[PDB]
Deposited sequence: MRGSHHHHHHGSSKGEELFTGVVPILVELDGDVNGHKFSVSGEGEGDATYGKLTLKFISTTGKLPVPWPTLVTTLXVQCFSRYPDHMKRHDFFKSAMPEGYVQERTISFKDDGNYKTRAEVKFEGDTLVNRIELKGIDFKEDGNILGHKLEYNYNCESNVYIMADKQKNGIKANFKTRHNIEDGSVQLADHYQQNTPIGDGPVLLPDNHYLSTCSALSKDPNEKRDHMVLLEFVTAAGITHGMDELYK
């Protein structure tokens, strides 16, 4: 039944509270998702303390329920099946030769709006590293998210690598471990192994003077014929 909530365009709200190496910050996002086309459009704004980390490092943390699952793969869509009551999404993101983020989010409907509420904690970052030193280019490389069932928690696990371009031409690797568990008591779908093919594009609003990120993202489930 959850999948029926996603047949049209759905408004999205994202709210994140962060602390990276003691630097506190907050992000508010708004936009919409159209899972029929695997399509997300979101604008994020930094609302409190100066953003202590580069915007691209926050993309994966800042609604995989908007993935396009092909018809023949619908039985594998855990994310929509948990709706409207939602799911908890937790990650550990390890930045190679640098610190880590631990994130805990709840993704659920509030009325007709899909909401992603996040707490992010970053520790062990290096002062003159690529993250605290703001050495990452404002762009994104196009990410297979590998998913498997977690039967004992009636949920899923995922793992994937993202690669963030450094201004010198090199790359900063981010290893992601992910777990999702339902919030409510409805039945959920436990998937066969598969992946999400993801492509994100970052831009700026030329009329926006606040620190911000515009994101256009397309995601399609794959790996099953």
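Not built in the structure, per the record, are deposited positions 1-13, 76, 157, 241-248.
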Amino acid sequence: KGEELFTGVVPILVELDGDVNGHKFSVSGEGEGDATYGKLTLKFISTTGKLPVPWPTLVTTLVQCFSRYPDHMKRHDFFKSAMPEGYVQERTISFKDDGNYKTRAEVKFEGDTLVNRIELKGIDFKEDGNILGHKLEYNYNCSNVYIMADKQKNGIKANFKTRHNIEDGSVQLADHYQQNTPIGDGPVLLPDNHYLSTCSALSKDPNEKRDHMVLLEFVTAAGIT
From here on, numbers count along this sequence of modelled residues.
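For the pair 117-125 and 149-157, the mean B factor over Cα atoms is greater in 149-157. Per the PDB record, of the two stretches 20-28 and 204-212, 204-212 carries the greater mean B-factor over its C-alpha atoms. Of the residues listed, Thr61, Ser170, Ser67, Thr47, the entry assigns the biggest Cα temperature factor to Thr47. Ranked by C-alpha B-factor against the other modelled residues of its chain, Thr41 falls in the middle third. Sorting the modelled residues of the chain by their CA temperature factor places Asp71 in the highest third. Annotation for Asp34: C-alpha temperature factor in the middle third relative to the rest of the modelled chain, per the entry.
Per the PDB record, residue ranking by Cα B-factor puts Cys142 in the highest third of the chain.
For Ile166, the recorded CA temperature factor ranks within the middle third of the chain's modelled residues.
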